[PDB]
């Protein structure tokens, strides 16, 4: 995965709501591994993350009409990497 692209895509598009890997809209639905295991539909895995970034969920906007496939893949990988290595 192009983690470099993923990080810049993250800062540019997701940081207002998830700065520090947290969540400013619904505080407990952070991007930490344990939180995603509880709140992310499908659990903590790349497929679940990609699905939500593409399709959206409630106050979480859908990005399929803003970011392209290679950009979505990149950002999903970055989020997974950050969570599993707890790099936030």
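Residue numbers count along the first chain shown, from 1.
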(request) Could you check the entry and say whether 14-22 or 62-70 has the higher mean CA B-factor? (result) 62-70
(message) Ranking the modelled residues of this chain by C-alpha B-factor as given in the entry, is residue 55 in the lowest, middle or highest third?
(response) highest
(message) Going by the CA temperature factor in the PDB record, which third of the chain does residue 49 belong to: lowest, middle or highest?
(response) lowest
(request) Compare the C-alpha B factor of residue 81 with those of the other modelled residues in its chain, then answer lowest, middle or highest third. (result) lowest
